[PDB]
Number of protein chains: 4
Amino acid sequence: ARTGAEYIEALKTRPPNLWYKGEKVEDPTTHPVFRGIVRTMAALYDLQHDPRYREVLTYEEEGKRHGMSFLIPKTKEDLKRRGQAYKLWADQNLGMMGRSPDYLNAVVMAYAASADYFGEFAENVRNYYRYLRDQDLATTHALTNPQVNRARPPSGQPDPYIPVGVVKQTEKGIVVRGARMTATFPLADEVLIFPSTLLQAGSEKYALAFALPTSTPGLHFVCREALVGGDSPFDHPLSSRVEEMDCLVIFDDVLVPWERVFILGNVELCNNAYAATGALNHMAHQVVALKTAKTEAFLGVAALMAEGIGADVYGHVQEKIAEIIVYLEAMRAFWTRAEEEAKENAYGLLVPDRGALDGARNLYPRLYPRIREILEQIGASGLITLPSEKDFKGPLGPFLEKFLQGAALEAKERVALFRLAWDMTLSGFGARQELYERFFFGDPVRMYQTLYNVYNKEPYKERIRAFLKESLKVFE
Amino acid sequence: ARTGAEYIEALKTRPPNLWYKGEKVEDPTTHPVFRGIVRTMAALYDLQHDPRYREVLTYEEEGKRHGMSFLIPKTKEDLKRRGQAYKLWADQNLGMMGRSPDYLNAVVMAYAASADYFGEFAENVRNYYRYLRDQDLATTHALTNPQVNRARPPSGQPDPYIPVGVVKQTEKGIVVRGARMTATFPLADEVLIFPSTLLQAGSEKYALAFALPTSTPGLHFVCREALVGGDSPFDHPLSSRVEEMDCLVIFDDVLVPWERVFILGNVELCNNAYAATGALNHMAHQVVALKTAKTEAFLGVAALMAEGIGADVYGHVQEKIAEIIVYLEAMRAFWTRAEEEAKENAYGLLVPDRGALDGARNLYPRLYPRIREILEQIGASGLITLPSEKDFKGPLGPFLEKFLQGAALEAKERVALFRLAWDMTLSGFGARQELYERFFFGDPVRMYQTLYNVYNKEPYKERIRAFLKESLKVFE
Amino acid sequence: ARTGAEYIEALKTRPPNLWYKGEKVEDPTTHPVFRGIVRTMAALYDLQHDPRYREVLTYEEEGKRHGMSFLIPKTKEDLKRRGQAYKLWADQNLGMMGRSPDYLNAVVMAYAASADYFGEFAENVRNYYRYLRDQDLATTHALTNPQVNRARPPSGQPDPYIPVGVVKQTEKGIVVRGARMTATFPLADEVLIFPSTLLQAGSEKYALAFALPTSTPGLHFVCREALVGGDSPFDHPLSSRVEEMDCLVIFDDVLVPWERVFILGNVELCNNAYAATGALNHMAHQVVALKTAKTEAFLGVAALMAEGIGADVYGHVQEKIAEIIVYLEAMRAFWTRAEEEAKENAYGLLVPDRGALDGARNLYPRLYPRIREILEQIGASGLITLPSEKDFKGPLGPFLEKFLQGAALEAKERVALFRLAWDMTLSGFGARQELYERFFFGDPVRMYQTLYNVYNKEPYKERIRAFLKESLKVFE
Amino acid sequence: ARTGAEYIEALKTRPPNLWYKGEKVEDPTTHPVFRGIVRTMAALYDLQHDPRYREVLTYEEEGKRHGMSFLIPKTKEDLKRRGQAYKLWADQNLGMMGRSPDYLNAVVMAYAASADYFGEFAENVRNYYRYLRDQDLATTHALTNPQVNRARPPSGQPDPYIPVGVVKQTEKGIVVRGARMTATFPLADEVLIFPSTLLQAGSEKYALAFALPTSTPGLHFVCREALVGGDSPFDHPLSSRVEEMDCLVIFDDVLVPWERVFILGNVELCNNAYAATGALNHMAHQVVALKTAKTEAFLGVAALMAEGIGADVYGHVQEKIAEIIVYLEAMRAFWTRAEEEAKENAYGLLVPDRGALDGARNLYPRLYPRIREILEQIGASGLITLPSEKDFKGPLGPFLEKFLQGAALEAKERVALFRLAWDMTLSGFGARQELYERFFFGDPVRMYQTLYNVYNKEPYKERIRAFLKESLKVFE
Ligand SMILES: Cc1cc2nc3c(=O)[nH]c(=O)nc-3n(C[C@H](O)[C@H](O)[C@H](O)COP(=O)(O)OP(=O)(O)OC[C@H]3O[C@@H](n4cnc5c(N)ncnc54)[C@H](O)[C@@H]3O)c2cc1C
Ligand SMILES: Cc1cc2nc3c(=O)[nH]c(=O)nc-3n(C[C@H](O)[C@H](O)[C@H](O)COP(=O)(O)OP(=O)(O)OC[C@H]3O[C@@H](n4cnc5c(N)ncnc54)[C@H](O)[C@@H]3O)c2cc1C
Ligand SMILES: O=C(O)Cc1ccc(O)cc1
Ligand SMILES: O=C(O)Cc1ccc(O)cc1
Ligand SMILES: O=C(O)Cc1ccc(O)cc1
């Protein structure tokens, strides 16, 4: 289990090939755009060594201590243990950090437990899992092709190598060229270039699954506009510390060593990877715990805002808060059923129930925009009446303490709260979270079509056919 | 455990004081408006003796066999057993029968297990429970006051006795006068006149809880317009058998024997009855199982309709069906968590988790109208192109077999299916089901306000206050 | 201009070839299922001769009086006159009659004014228009193909003649075989078998447009389940008089005389018929006036229900009623702009603005279900507490007058109102109205795709490109 | 009519008493946070002198040229002229500038035309109007009280002077103390401290209406967190130029000269000010034109994004764009009816129809969040894949030109477009626009309650009562 200091030293020593506004980022641990999230990830690692949480966040094995997200669960109790670790980490950042490493560790853990799925590359998968686990490395990932001409398949873009494709194979490995559209949280040691969780691979040239150090020659991470509002925790309570960053991933004829290849030119293996290995189930397990944490945060802020300005006395405000409570209970329910109905897959890996998790990941993208809307409807103008800590410290401070106090809340506390509510919804950082919730697991349109096609609808159709027997009997 | 024949004989011998269109109903077992639902309830009772389901629907105790809905659960396994019985009964009618007796048995079971709550009337409650159980009697109930002037409390209506109130007390019992607005499924032996599950009692004169035989002198059940479309199972697959009927309940100075009184003039006891006894938890448990069954039925019909007319090839149709699947999984999740997180209440009664059940009963009223809408959007004109079995049997039958066949479905089967879809959504019977789902457990506006006030929001508010400590530290 | 008596005599003398439950309907003017709507249509005709409305509903020309819906408008004032007639007729039935003849007269009027569009069949169109006008005949129509396998085109169904297609041509006319899925209000003298307003014709064999007397040999109208609740105006205020009926239209090798053919085997002419002639604009004009009338009716009922039970004192109830007001104003706005921005088409026919009408017909299908929902949310249990006039006339009448009175409303008036609200939303008749609003003008999915493709989006795209010039200048 | 240079010189010479992060803003024309919007307002003024638009934006009177927003309309044509000016100005900034001066000029124009309403202060109003008109000054306004304890009225806050109240009256004028919660676009010469458009004044101490130079001693504007993303038009196409700024307005015992007082201590006059004068109608007229412009901008961006990435080939994407078209037509319709149904008020001032405008201002707050959502659903990950112009100018430029090109769109143009879409929806600037649309004209909850209470519902209730006469006749 890594400490925060080790993580920081690792990034400083071998930083990811990040680019920000046309320039290479030499040290993300001190760069204004990245130092915040780096400190945040470091704090998550440090929590693993806090006596109060060590038993929750890590497990011992043969004289070593590993992060819980690497635990191959054998019982429902083990599954619950993984869930508690997901939740504890999520709560540290109010569920605002969407790509903490444990999500991807869940994927690799499942891939390893179900390694036989990968055939000749099985050992590579098992060895990679042990590597990430033993070193407790941080990972980032990118599964989608560049958004260029969505009317055509991967092989029908303006160039054969817009998507990441194999240029050639050598005795050392494969050379790939192309790009992945999005990778969140590039402040990692490794990047996972895996198949989509729902879209078809299309052609063998693109049917790939491999991992690389983020400093690999030819590999580039091009950052989007930064959303860090500033460093003041009062003025920017969340963007000052949880801005994970999103980036386009470029592969300029990058060499991928054979030991890092997990799938090569096999469309079928790519198209069934997450479902067959159980990675889909486990990664979605981290997600349901994460969204439960996020919903709890919104509930707390909504309640405090309403009480803070005396709006809680109005029925419709109470109803809006109750709506968030209903959604919170829904997510807790999916989480519980996912663990309680868990069963072993074809490789003997215990996986949480897909029905419950498909329910959660397809319902939350609909619930989140409404939860966000609720905060807007409760806060109203209070959400944009955001003086700075500098204003409270300035000449008009006394006036602000009078005009911005709450029903029974001091002005500084009131503004601190609304600054947080704003950062969770209306700042560039907050608004991005909305788009993130709507799309991170895939396009809802195709996620729903996917659910329709994979779900076993026969039992329900049969019950209706049986009910209709009496209807057709009138013709006998 | 009662048989269907015993139930039918009981209603024929001592029929409820029903009125339909200005006339007394002498025999509901043969009356055109009621014989269908009577046969349906009789079939539910008969199922208790079917070897295939006897172990699911009943339990043995001291040489006797009782209906599962009377079982006082001691373990989570017992809770699961009650749930399986709720589900099996619900599936028989595609979740379209909303007031089967087991819902109210859950209430009385909890009242009895928590009988100490009722003080001096505790024995009356325990004895009544044993009575309903031993005789396996059918019950109906009415908890709301007449909808006259909702701007005023129960004591502020045009007359003191519009709501049911105590006129006087005697050595034999109490005399009550007034009315209850709605009682569904009056084809029962007993009627429960209990407090509201969310509204305050208002005044001691109305703070009551008692039970009476449905044939009691002075007691009248005034039926609304019947929604039975006909007796043909082809033409009216559901309304011909599951029209439970709704009625206004009138009390013309009715005498309630002291042994049938459970609460008298105690506003506090009325206002906390369901929550304190656990009746709220158990009755909501029957509901979540029931709505899961109902959603499964809609999923089956939606899938069959789409496949039937070849609409399943369209993405948005697949998405609509997947939406129903998401809702089905949500209800299954609430159900699972309700049982898995069950704990004993103050009286030692094991009760299913209120959070999960409050989630289910406050979310489904929102989901159902959408599920209904989905069927409409899939079926389109097929939902009103409803020839009768008589048309298929007539001169134009051959033409109908050609023009109303489906992609790979025969015409008679196609129309049988759409007749069912129509009866589940657009017939008078189907449309009522929508209003029922929206309101049966209470007015959503006040159900949400109730949830807001009772829910413990402190943990979430505290997490936010803790997060804001760093914000306020900038002023130190 | 026809009188009601003339209409009734015409149907009695030469009734449409209607079938109900396997039997031919000999006299729809006296048949229990149809006499109500027949009397309603007769009343609309009679209104044309009422001194108070004669100038609104008819116009004089060369010694004759014609129905306003036949007026070929030359000025915006004439357009307004047509609109006022649409509205006056609609108000008679609270906007619940969706297929009154004036909707189709608008179509034929436009077809005639733009007759050159039809080439060699131009004279047939002009003559048919004069025929309908002079005789003031009632029409019904069917534009859709049987819902069998929607995954395939008209030419890909189980049989070439499932859709109406030409079998052969003779010296007398054409022989057609097949069926149309739906025709509402078959209590007419003529039936219009025209092209779709948005779907492609597919093949020349089906590219048709013709009209026939409803008594034509080989032509059959197969009625769906009747939705007439009864004849009591108290118990069934709307279904007793406005049940238009829907039916499948069968063509058993029907001969269509050459003089009744308007389009034959021309896919292009079929695909552009309504837009090119202006029929789309005019028929949608009747619709916007009709939906404005319907919304006014719902507003009135919602307001009366809220006041009736004292629910109007609650904020959210006031908000729901205000929502209906917003929708009413939206429809009035579309109506006004449709007339004020009217311009002449390629044939010199003044047509109301398509933008405003496309807005109205694509927005109302979304607004109506919500308007219906609002009535449900306001009425609650009052919507199913529906005793009959027979109950008020019976022994319990006195009790009902006490328990079902409103805040300041007598019981009989209260129940009459809720019976109406129920008939507008939850009776089989009311529920059908919802499906009708959702689909009558076409499938929303394809109506929206149609709007996207036909709308000129260039002006807006150009404004954005211009705005972006400054963005690209940074690279100069 | 002012030129941009005159406006800039005026702000530089006598700047508003602005505060940003604890410091006074000495020159907003050069300050990084305000120079953008100042240049934007200056450009609006300059447009008044462009030969192409002079006749649209100004009118001549007695040798002078005045801004169109000051024109007292005498005919519907004049009303249309005002509307065209509103639209032309709005289009310059894609409808993103919500508080351009013409909105408030509409208010003052109406106040002046209906000056008799103000009694003894009538001349002050007329003189102030002439002042703003002749000097073509820019105004800002604040109508709401500090959000402190919304459970209590203005007189029930923690201090009597939290809301702006009269401290004392002298021979020179009145001294006021307190604050207004929000004023958008404080880069103005004058500030209007007027009554609410829907909330009651509460007490005479707060029933005020006056105007002051923004440099008045004791008057302070405390700015919220700035949302200017940067100065690059490529990177921040909108926030670099249209960030109007919102601020809390503080009154530290400010002296208001008697000539600047329009209403003093008259609750009734305050509560009916906008409706009686017609200011409500005219200010809402500017709004409907503005929202039409805004919707046109979103339509253009949505269409370009869809075409840009080839997503336009998908049905649901076409449907989403068509949805925006429907909303655009709805707003155009409200606009048209508002002008066409205009009538003179009690003071002889021609005012646009309130029904149409109440419809528009109560419907758009519901439509906008959906329009914003649509852009998110179309753009998906493209909305956060935002490299900078600096990245295109840097070493990886060539790679970006390959991976971020569109179907038939160059990469730089593609990113410029998505940067704009992002700035319109997800940047801090874009997100604020959503909250703005939801609340600028008032809290929807109370706006709807206001509409319910003021609307004449009698005609609709009467039509229903008339329809029910036949129902009650059954008892005769
Ligand atoms: C903040 C944020 C963070 C993210 N982080 C990561 C990450 O860490 N790693 C990673 O791999 N991904 C990440 N993503 C990407 C995410 O998984 C994708 O946005 C999502 O899967 C949907 O695909 P897309 O963005 O390519 O949109 P597209 O496929 O480009 O779609 C654009 C639009 O076109 C439509 N359309 C396109 N194709 C079809 C089709 N075939 N059928 C129907 N409609 C179609 C869509 O429905 C939508 O309306 C992130 C996204 C966001 C917004
Ligand atoms: C088909 C059907 C079957 C039913 N079966 C049964 C049954 O078997 N047994 C039984 O006891 N009940 C039954 N009911 C009744 C059901 O529980 C009630 O409809 C429900 O609890 C809501 O109360 P209400 O109908 O009295 O409506 P109301 O209280 O009359 O409300 C009407 C409207 O006024 C509003 N309003 C009124 N008061 C307030 C308030 N204080 N605050 C805010 N808004 C207010 C509501 O929000 C709503 O918009 C049934 C109802 C239906 C529709
Ligand atoms: O699978 C996809 O196509 C999108 C996706 C990307 C990252 C992720 O973690 C889940 C889904
Ligand atoms: O509790 C209420 O007031 C309405 C209600 C009625 C019957 C029921 O079973 C549940 C709730
Ligand atoms: O009237 C209000 O109370 C809010 C409001 C504020 C400014 C404005 O322009 C319109 C409404």
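What counts as what
- Residues numbered from 1 in each chain as written, not as in the entry; some residues may be left out.
- Chains lettered and ligands numbered in written order.
- Heavy atoms only, no water.
- Helix = DSSP H or I, 4+ residues; strand = E, 2+ residues; numbered from the N terminus.
- Buried < 20%, exposed > 50% of the residue type's maximum accessible area, 1.4 Å probe, protein only.
- Areas by Shrake-Rupley, 256 points an atom, 1.4 Å probe, with all protein chains shown as cover.
- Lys, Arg positive; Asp, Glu negative; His and termini not counted.
- Charge placed at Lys NZ, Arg CZ, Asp CG, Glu CD.
- Pairing = 2+ DSSP bridges.
- Salt bridge = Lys/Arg side-chain N within 4 Å of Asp/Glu carboxyl O.
- Contact = heavy atoms within 4.5 Å.
- Near = heavy atom within 4 Å.
- Polar contact = N/O pair within 3.5 Å; in protein donor to acceptor, adjacent residues only side chain to side chain.
- Nonpolar A, V, L, I, M, F, W, Y, C, P; charged D, E, K, R; others polar.
- UniProt positions renumbered as here; feature names shortened; annotations may be inferred.
- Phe/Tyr/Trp six-rings, centres within 6.5 Å; stacked < 30°, edge-to-face > 60°.
- Buried area = accessible area lost by both parts, 1.4 Å probe.
- Domains from an automatic or database assignment.
- Axes fitted to C-alpha atoms, helices over the stretch in contact; angles between N-to-C directions.
- Least-squares fit on C-alpha atoms.
- Disulfide = S-S within 2.5 Å.

Header annotation of the entry names X-ray crystallography as the structure determination method and lists the resolution as 1.66 Å.

Draft legend 1. Expanded view of the overall build of chain A. Assigned secondary structure in chain A consists of 17 helices and 14 strands. Over its C-alpha atoms, taken along the principal directions, chain A stretches across nearly 80 × 70 × 55 Å. In chain A, which comprises 476 residues, the proportion classed as buried is 68%. Per element, the accessible surface of chain A, about 15200 Å² overall, is 47% carbon and sulfur. Here chain A carries 57 positive and 62 negative side-chain charges, and the mean point of each set is 3 Å from the other.

Draft legend 2. Representation of the pairing of strand β7 (residues 173–184) of chain D within the structure. All names here are of chain D. The buried fraction of β7 amounts to 11 of the 12 residues, a majority that puts the element mostly inside the structure. With 4 bridges connecting them, strand β6 (residues 165–169) and β7 associate as antiparallel partners. Bridge pairing in β7 places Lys168 opposite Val175. From the end of β6 to the start of β7, which pair antiparallel, there are 3 residues. In the sheet, β7 pairs with strand β11 (residues 246–257) via 9 bridges, with the strands oriented antiparallel. Looking at the pairing, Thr184 lines up with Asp246 of β11.

Draft legend 3. The side chain of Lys320 of chain C, seen in detail. Residue and element names in this part refer to chain C. Its location among the elements puts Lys320 in helix α9 (residues 315–340). There is no salt bridge for the buried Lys320, and the closest opposite charge comes from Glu319, which lies 6.7 Å off by N-O distance. Here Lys320 is in contact with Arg370, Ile374, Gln377 and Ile378, once residues within four sequence places are set aside.

Draft legend 4. Local environment of the site of ligand 2. In the region of ligand 2, 29 residues are neighbours, and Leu143, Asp443 and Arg446 of chain B together with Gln377 and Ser381 of chain C sit closest. The environment of ligand 2 is shared, with nearby residues belonging to chains B and C. At 2.6 Å from an oxygen atom of ligand 2 is found a main-chain nitrogen or oxygen belonging to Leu143 of chain B. The backbone of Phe439 of chain B places a nitrogen or oxygen atom 3.4 Å from an oxygen atom of ligand 2. Taking 970 Å² as the accessible area of ligand 2 by itself, protein coverage stands at 93%. Looking at the shell around ligand 2, the elements that each hand over two or more residues are β7 (173–184), α14 (428–439) and α15 (444–454) of chain B together with α9 and α10 (354–379) of chain C. For the shell around ligand 2, the element with the most residues is α14 of chain B, which contributes 4 residues. Among the residues forming the shell around ligand 2, the class breakdown is 14 nonpolar, 9 polar and 6 charged.

Draft legend 5. Main features of the UniProt feature "binding site: FAD" in chain A. All names here are of chain A. Under the feature "binding site: FAD", the UniProt entry names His141, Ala142, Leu143, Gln147, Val148, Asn149, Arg150, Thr184, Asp443, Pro444, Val445 and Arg446. Residue placement: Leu143 occurs in the loop between β5 (139–141) and β6 (165–169). Classification of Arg446 by relative accessible area gives partly exposed; the value is 36%.

Draft legend 6. A look at the packing of aromatic side chains. Residue and element names in this part refer to chain B. Scanning the entire structure with this criterion turns up 96 aromatic pairs over all chains. Plain terms: the ring middles of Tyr7 and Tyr45 are 5.3 Å apart, the flat faces sit at 50 degrees to each other, and that makes the pair tilted. Of this pair, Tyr7 sits in helix α1 (residues 4–13) while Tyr45 sits in helix α2 (residues 35–47), and the two are 38 residues apart along the sequence. When its relative accessible area of 0% is taken as the criterion, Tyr7 is described as buried.

Draft legend 7. Geometry of the environment of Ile174 of chain B. Tracing the chain through its elements places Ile174 of chain B in strand β7. Given the relative accessible area of 1%, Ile174 of chain B is considered buried.

Draft legend 8. The arrangement of the site of ligand 1 in detail. In the neighbourhood of ligand 1, 29 residues make up the surrounding shell, with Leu143, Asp443 and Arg446 of chain A together with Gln377 and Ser381 of chain D lying closest. At the site occupied by ligand 1, the surrounding residues belong to chains A and D. With respect to ligand 1, the side chain of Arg150 of chain A contributes an N or O atom lying 2.8 Å from an oxygen atom. The contact in question runs from an oxygen atom of ligand 1 to an N or O atom on the side chain of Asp443 of chain A, over 2.6 Å. Across the complex, the protein chains shield 93% of the 970 Å² of accessible surface that ligand 1 would expose by itself.

Draft legend 9. Here's a closer look at the interface of chain B and chain A. With 72 residues of chain B at the interface, the matching set in chain A holds 72 residues. The junction of chain B with chain A conceals about 6600 Å² of combined surface from both sides, 72% of it contributed by carbon and sulfur atoms. Contact with chain A buries surface across chain B, with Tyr452, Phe467 and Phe475 of chain B losing the most and accounting together for 12% of the total. Taken together, the connections running from chain B to chain A amount to 8 salt bridges. The salt bridge involving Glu296 of chain A is made with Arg463 of chain B; its shortest N-O contact spans 2.7 Å.

Draft legend 10. Summary view of the environment of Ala411 of chain B. Residues and elements named next belong to chain B. Tracing the backbone through its elements, the reader meets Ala411 in helix α13 (residues 411–425). Distance in space between the C-alpha atoms of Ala411 and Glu401 is 4.9 Å, their sequence separation being 10 residues. Beyond its immediate stretch of four places on either side in the chain, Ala411 contacts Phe392, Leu400, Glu401, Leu404 and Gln405.

Draft legend 11. Local environment of the interface of chain D and chain A. Facing 76 residues of chain D, the contacting portion of chain A comprises 76 residues. Surface buried jointly by chain D and chain A totals about 6200 Å² across both partners, of which 63% is contributed by carbon and sulfur atoms. The interface formed by chain D and chain A holds 10 salt bridges in total. Measuring nitrogen to oxygen at the nearest pair gives 3.0 Å for the salt bridge that ties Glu376 of chain A to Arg438 of chain D.

Draft legend 12. Representation of the domain arrangement of chain A within the structure. Residue and element names in this part refer to chain A. The domain boundaries assigned to chain A delineate domain 1 (1–137), domain 2 (138–265) and domain 3 (266–476). Residue-level contacts link 33 residues of domain 1 with 39 residues of domain 3. Roughly 3000 Å² of surface becomes buried between domain 1 and domain 3 when both sides are summed, with 69% attributable to carbon and sulfur atoms. A salt bridge links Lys87 to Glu296; the nearest nitrogen and oxygen atoms lie 2.7 Å apart. The tally of links from domain 1 across to domain 3 stands at 10 residue pairs in polar contact. Elements with a minimum of two residues in the side of domain 1 that touches domain 3: α4 (76–92) and α5 (102–113). Here the element with the most residues in the side of domain 1 that touches domain 3 is α4; it accounts for 10 residues. Split into classes, the residues belonging to the side of domain 1 that touches domain 3 amount to 17 nonpolar, 7 polar and 9 charged.

Draft legend 13. Main features of the arrangement of the chains. For chain A and chain C, which are not in contact, the least C-alpha distance works out to 8 Å. One finds no contact linking chain B with chain D; the least C-alpha distance across the pair is 8 Å.

Draft legend 14. Region of interest: the sheet that holds strand β8 (residues 190–193) of chain C. All names here are of chain C. A sheet is described by the order of its strands in space; here 4 strands give the open sequence β5-β8-β9-β12, paired in mixed fashion. In this open sheet, the two edge strands, each paired with only one partner strand, are β5 (139–141) and β12 (261–264). Averaged over all neighbouring strand pairs, the angle between strand axes comes to 25 degrees, with direction disregarded. Where β8 lies against strand β9 (residues 208–213), 4 bridges are found, and the strand directions are antiparallel. The residue of β9 that forms the bridge with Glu190 is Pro213. The strands touched by helix α5 (residues 102–113) are β5 and β8; relative to β5, the strand with the most contacts, the crossing angle is about 80 degrees.

Draft legend 15. Focus on the sheet that holds β6 of chain D. On the basis of which strands lie adjacent, the open sheet formed by 6 strands has the order β2-β1-β10-β11-β7-β6 (chain D) and mixed pairing. At either end of the open sheet lies a strand with only one pairing partner, and these are β2 (23–24) and β6 of chain D.

Draft legend 16. Fine view of the relation of the copies chain D and chain A. For the pair chain D and chain A, the best superposition has an RMSD of 0.0 Å and corresponds to a rotation of 180 degrees with a translation of 0.0 Å parallel to the axis. When the rotation and shift are considered jointly, the pair of chain copies conforms to a two-fold rotation axis. Across chain D, the rotation axis passes nearest the C-alpha of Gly428 of chain D, at a separation of 2.1 Å. By residue overlap, the copies meet face to face through one surface: 100% of the interface positions of chain D are interface positions in chain A.

Draft legend 17. Structural context of the state of the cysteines. Across all of its chains, the model carries 0 disulfides over all chains by this definition. Not engaged in a disulfide, the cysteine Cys247 of chain B finds its nearest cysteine sulfur in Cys223 of chain B; these two sulfurs lie 5.6 Å apart.

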